[PDB]
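This document opens with one chain alone, in structure tokens, the form deposited in one PDB entry.
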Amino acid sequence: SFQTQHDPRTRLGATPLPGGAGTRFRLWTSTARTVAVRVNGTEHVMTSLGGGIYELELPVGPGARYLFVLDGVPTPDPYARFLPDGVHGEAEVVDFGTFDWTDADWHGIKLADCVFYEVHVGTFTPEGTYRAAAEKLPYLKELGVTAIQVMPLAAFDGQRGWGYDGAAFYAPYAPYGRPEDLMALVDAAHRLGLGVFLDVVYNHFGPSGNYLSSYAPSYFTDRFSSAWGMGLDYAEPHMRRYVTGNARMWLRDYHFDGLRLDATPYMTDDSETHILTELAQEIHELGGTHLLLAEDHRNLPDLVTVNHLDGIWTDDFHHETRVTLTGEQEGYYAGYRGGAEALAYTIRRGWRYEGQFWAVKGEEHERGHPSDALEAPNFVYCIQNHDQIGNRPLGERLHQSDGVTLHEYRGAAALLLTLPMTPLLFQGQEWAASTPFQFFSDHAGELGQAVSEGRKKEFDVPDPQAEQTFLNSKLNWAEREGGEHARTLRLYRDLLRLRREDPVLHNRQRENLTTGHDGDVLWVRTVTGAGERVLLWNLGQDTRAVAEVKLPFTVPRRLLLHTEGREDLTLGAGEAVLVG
């Protein structure tokens, strides 16, 4: 009996009318005294309906250009479905009914079947567009990933950016392509049997192009702040519906299979029904199989068990892994010892911090909650993602950090890709890409200068505002064809094939998973009715024979995969083997 709060009849923004009657324009404003729509250059006074609601229908169709005029001030539509001249410009009317979908036989993807591949549209290809990205879909399918995780697409200011400065949440960022180019990308992925997930940012708006306060200051609150401005007020139903409307758009209208909610700890809401709960209600009302993941550092199972999200990006695994390989201790890396015993524990528990004191200076508190309620697929694990690369001063990848070998990098892949937790890969990870993923932006004027200065002071650091920083982060596809890149790629292919094919690795129950260590050798054991598998990873500096590893069970004898392609059951420094 949950009823969506959304009715296409009353949708804010510009919506094509039935029977070729044109377009219905609607907005909410709490403060304007005069209200008009300017369509293709001509102003028309809008009708006041009460509650600050304004409406007008005109015989203009899809492609018409418009913005609103509030007390005589031309103001972009926060509900714009496309912004071909960027975030300060006219919106375009978009008709979602016109695209010829061919994906009727696609029915989404379960979390337990996801192997995520995180894509940044602007750097994934030379062109940095959906159309170029679509041409790489067969490669991704053959690689063995099953779900593309697309970094945010909401329009932001400038000609490149990560996407976290999104300001017009309903409008796909024009430099990447037109709405129909995005649809073409999703449709193509579905035809290849790949899921497509979108990163969405419901905890803040970017600093340039967010005009919501021009309509109603009450979308926001001074009670708390975001990175960029006033906090998003989830006590205000129009603010609630701005994001639930947006979620429903991406899933229903663009055929996304799921959403990754950025920084959920900062979606502050003291309402009886939390916004996260209402988001899950709203997306499920669509009557599909769409998923919701949270990027949440609190180690809080209630995200799944109470808000009814599907899973959580849980960095404890990532952090324990990186500290194991580098020994680094800056910032949140100080929360982890690393090493075989530490990794065994973190995997055993899903996340490490279940309520114990987090001693990181400046952040001290009792962090996390018991993980018992959560099942293996509920944890999303990785050894690389946009933040864990880009939030480093030089944006270097794991194999490029000081004191990491390619052997260790390959061992880390075997651990990640054989665990029953839901894995994510960052673009180019699979071939040990030579290119960094640096923080880049392209804000205007004083704001751009402030970003450059901010980055410099925070940590030569590449200037986020420089074109070179963006270009240096572009994938070099040709390099995967050779040398160690090709070697790494072969291993990734073999691992993803084993994950797909191996009847014991199909396990998705923490009940069947055990871990432990002998010195610097980590072991991870899976036992089901289909058989037994053991992953051994030598995290030491010396050579270890599998036969000499002390285990509380008899080690299986058949060598299924060795990260360095060795014939014998022996582990060089940093190497791993799967036995069965």
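Residue positions are given as counts along the sequence shown, with the first one as 1. Each form is matched to the other, and the largest set of C-alpha atoms that superpose within 1.5 Å is called the rigid core.
Omitted from view is the form deposited in another entry, to which the following refers.
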>> Can you tell me which of these residues, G403, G445, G454, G193, is the one whose C-alpha shifts by at least 2 angstroms between this form and the one not shown after a rigid core fit?
In response: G454
> If you line up the core, does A227 shift 2 angstroms or more at its C-alpha between this form and the one not shown?
Replying inline: yes
>> Quick one: with a 3 Å or larger change, is the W228 to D71 CA distance smaller or larger in the other entry? Answer closer or farther.
In response: farther
